[PDB]
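# Breakdown of the fold
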There are 2 protein chains.
Amino acid sequence: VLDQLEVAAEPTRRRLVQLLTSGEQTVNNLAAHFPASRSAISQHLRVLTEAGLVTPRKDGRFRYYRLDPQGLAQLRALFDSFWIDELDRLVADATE
Amino acid sequence: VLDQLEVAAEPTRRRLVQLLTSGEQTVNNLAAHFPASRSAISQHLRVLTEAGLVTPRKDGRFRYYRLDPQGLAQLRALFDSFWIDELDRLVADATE
Ligand SMILES: [Mg+2]
Ligand SMILES: [Mg+2]
């Protein structure tokens, strides 16, 4: 089945999730933040919907998407179980 | 170019990164933790290498991989910039 963290981590999908934090929005309005087409953004939103991260609603000529807390909680759980302590310890070893 | 968070988030790659926290390991030894073939695991390790998350070394008949802190620091930075406050607030709205 779809893993929420794998799906969400795609960089356009990350940005779509951030954009939706300001509330439910139309496909066309979200799509205006990217060089990619409406159709491209629509397909990313369908993938996020299948993963349980966003939820669609239709009202007339607009399709709206909003974040689903249920999916976000599973996303955060997957990242928390992935990111074990030694990974934080290694990050602290990094130079720049 | 490769985004470390997108690459790392693939579920086999997440587990390979966790496994490597116990130290540098051979391809065959890592591969023994999964139903997938050596060849499959080898290819995931090549992707992680290209993303700067792991580093290869050859000694005789073994190829060894180890975590690269430089890549892990960028991975953690990408997740931290993605996961904005409102996402934590929404996770707290989730039921179960
Ligand atoms: Mg809601
Ligand atoms: Mg090292």
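Structure determination for this entry is recorded as X-ray crystallography, at 1.48 Å resolution.

Between chain A and chain B, the superposition needs a rotation of 180 degrees and an axial shift of 0.0 Å, giving an RMSD of 0.0 Å. Within this description, the copies of the chain are treated as partners about a two-fold rotation axis.

For the rest of this paragraph, the subject is the interface of chain A and chain B. On the chain B side, the residues contacting the 31 residues of chain A number 31 residues. Taking both partners together, chain A and chain B bury about 2900 Å²; carbon and sulfur atoms supply 72% of that area. Per-residue buried area on chain A facing chain B is highest for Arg 14, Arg 76 and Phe 82 of chain A; these three make up 21% of the total on that side. Along the contact surface separating chain A from chain B lie 2 salt bridges. Residue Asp 3 of chain B is joined to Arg 14 of chain A by a salt bridge in which the shortest nitrogen-to-oxygen separation is 2.8 Å.

A separate point is the packing of aromatic side chains. The geometry of an aromatic ring pair is captured by the separation of the ring centres together with the interplanar angle, meaning the angle of the planes. Taken as a whole and judged by the stated rule, the model has 9 aromatic pairs over all chains. Chaining the aromatic ring pairs together yields one cluster made of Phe 79, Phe 82 and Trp 83 of chain A together with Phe 79, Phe 82 and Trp 83 of chain B. The ring of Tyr 64 of chain A carries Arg 57 of chain A above its face, with NZ or CZ at 4.5 Å from the centroid.

The next subject is the sheet that holds strand β1 (residues 25–26) of chain B. One open sheet holds the 3 strands; their spatial order is β1-β3-β2 (chain B), and the pairing between them is antiparallel. With one partner strand each, in any of the chains shown, β1 and β2 (54–59) of chain B form the two edges of the open sheet.

The relative placement of two packed helices is expressed as an angle between their axes plus a distance between the axes. Residue and element names in this part refer to chain A. Put simply, helix α2 (residues 11–19) and helix α4 (residues 38–50) touch, their axes get as near as 10 Å, and they point 80 degrees apart. Regarding the angle of α2 to α4, the classification is roughly perpendicular. Together, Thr 12, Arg 13, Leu 16 and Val 17 of α2 and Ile 41, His 44, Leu 45, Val 47 and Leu 48 of α4 make up the contact between the two elements. Each residue belonging to the contact of α2 with α4 can be placed in one class, and the counts come to 6 nonpolar, 2 polar and 1 charged.

Before going further, it helps to examine the pattern of salt bridges. All names here are of chain A. Overall, the coordinates contain 8 salt bridges over all chains when judged by the stated rule. A salt bridge links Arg 76 to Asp 80; the nearest nitrogen and oxygen atoms lie 2.7 Å apart. One end of the pair, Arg 76, and the other, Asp 80, are both in helix α5 (residues 69–82), 4 residues apart, so they sit about a helical turn from each other. Residue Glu 86 is joined to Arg 89 by a salt bridge in which the shortest nitrogen-to-oxygen separation is 2.8 Å. Here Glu 86 pairs with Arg 89, and both are found in helix α6 (residues 85–93), just 3 residues apart, close to one helical turn. Take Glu 86: its relative accessible area is 24%, and that puts it in the partly exposed class.

Reading the values: the criteria
- Residues numbered from 1 in each chain as written, not as in the entry; some residues may be left out.
- Chains lettered and ligands numbered in written order.
- Heavy atoms only, no water.
- Residues with missing side-chain atoms left out of burial classes, pairs and counts.
- Least-squares fit on C-alpha atoms.
- Contact = heavy atoms within 4.5 Å.
- Buried area = accessible area lost by both parts, 1.4 Å probe.
- Salt bridge = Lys/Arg side-chain N within 4 Å of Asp/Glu carboxyl O.
- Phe/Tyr/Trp six-rings, centres within 6.5 Å; stacked < 30°, edge-to-face > 60°.
- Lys NZ or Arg CZ within 6 Å of the ring centre and 35° of its normal.
- Pairing = 2+ DSSP bridges.
- Helix = DSSP H or I, 4+ residues; strand = E, 2+ residues; numbered from the N terminus.
- Axes fitted to C-alpha atoms, helices over the stretch in contact; angles between N-to-C directions.
- Parallel < 35°, antiparallel > 145°, perpendicular 65-115°, else oblique.
- Nonpolar A, V, L, I, M, F, W, Y, C, P; charged D, E, K, R; others polar.
- Buried < 20%, exposed > 50% of the residue type's maximum accessible area, 1.4 Å probe, protein only.

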